[PDB]
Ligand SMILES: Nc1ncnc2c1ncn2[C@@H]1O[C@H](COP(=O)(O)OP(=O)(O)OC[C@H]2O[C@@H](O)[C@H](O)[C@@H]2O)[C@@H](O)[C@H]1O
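Quick heads-up: it's one chain on its own, the form deposited without the ligand, in structure tokens.
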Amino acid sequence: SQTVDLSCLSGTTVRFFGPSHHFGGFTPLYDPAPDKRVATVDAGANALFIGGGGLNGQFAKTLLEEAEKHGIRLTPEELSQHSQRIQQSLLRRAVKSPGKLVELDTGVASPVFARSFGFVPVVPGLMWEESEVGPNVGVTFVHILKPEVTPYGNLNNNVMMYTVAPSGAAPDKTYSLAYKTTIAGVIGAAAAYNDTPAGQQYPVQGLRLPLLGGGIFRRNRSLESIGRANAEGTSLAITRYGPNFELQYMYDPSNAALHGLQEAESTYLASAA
């Protein structure tokens, strides 16, 4: 990988991953010997389950494999239904206190989650058409994982996030608004989490991100337009919340997130001329 500080993100450290040793080069969600706590952001489904294909399926696999090692009986179907129930409940609570981090009651049982939070920057569907961007867009969840499903048994791998990105089929104007809102929810939820009691003990020191909306959600939208939305949304979210953590972009052979940030960086260099 290559790591640089971006002036257009107020000096935030960004790590751009190259191809991994794995088939297809995909970046692992969690590392075997991390020296800081990097929360990886699931490109979630509108229906809020952990499962299915792509990156969301890789999160399911990671959690299911750790559970199996610990002798926890947890099927993919149980994980899908459970994570959906938890996150539906968090979404309901978050919509009732929009723009605030909300926490699920600690009395709720979970085989995977020790503590769970939700955040909507604005009520989904209030400022855009759900028929265009899709349901539940902009919600981000933060989960502290139970030790028994924490990758490598390493405490620095005990936080995941889960975010619902807009559909690429939406018109440009509303897509840009929904996308910027979504990135605000990602950075804002993590920054807010770091101001909770749980976050004092387990601070998030980096985010590991895909290009959100860049998989099956993009439909016929160009990766270029999505990289531009990500660069603008990330710049704005960092201006709002001033997070201390670094950003990492998982390997993408299109380099779409990278290209969006490169364009914004050069523009920033020229902003006084």
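Just count from 1 along the sequence shown to find any residue number.
When the C-alpha B-factors of 12-20 and 256-264 are averaged, 12-20 comes out higher.
For the pair 70-78 and 154-162, the mean B factor over Cα atoms is greater in 70-78. Sorting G118, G185, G199, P147 by the CA temperature factor given in the entry leaves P147 at the top. The entry lists C-alpha B-factors for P210, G57, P32, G233, and the highest of these is at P32. Ranked within its chain, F113 lands in the middle third, by CA B factor from the PDB record. For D42, the recorded CA B-factor ranks within the lowest third of the chain. Only modelled residues enter the ranking. Split the chain's modelled residues into thirds by C-alpha temperature factor. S83 is in the lowest one. Ranked against the other modelled residues of its chain, the C-alpha B-factor of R218 as given in the entry falls in the highest third.
Sort the modelled residues of the chain by CA B factor and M127 lands in the highest third.
Beyond what is shown, the protein has a form deposited with the ligand bound; the following relates to that form.
This chain lacks the partner; the member of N56, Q205, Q248, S225 within 4.5 angstroms of the ligand in the deposited bound form by a non-hydrogen atom is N56. The closest non-hydrogen atom of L236 lies beyond 4.5 Å of the ligand in the deposited bound form. Using a 4.5 angstroms limit between non-hydrogen atoms, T62 is distant from the ligand in the deposited bound form. Put simply, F217 is close to the ligand in the deposited bound form: some heavy atom of it is within 4.5 Å. In the deposited bound form, at least one heavy atom of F26 sits within 4.5 Å of the ligand. Contact with the ligand in the deposited bound form, judged as any non-hydrogen atom within 4.5 angstroms, is confined among 32-40, 64-72, 45-53, 228-236 to 45-53.
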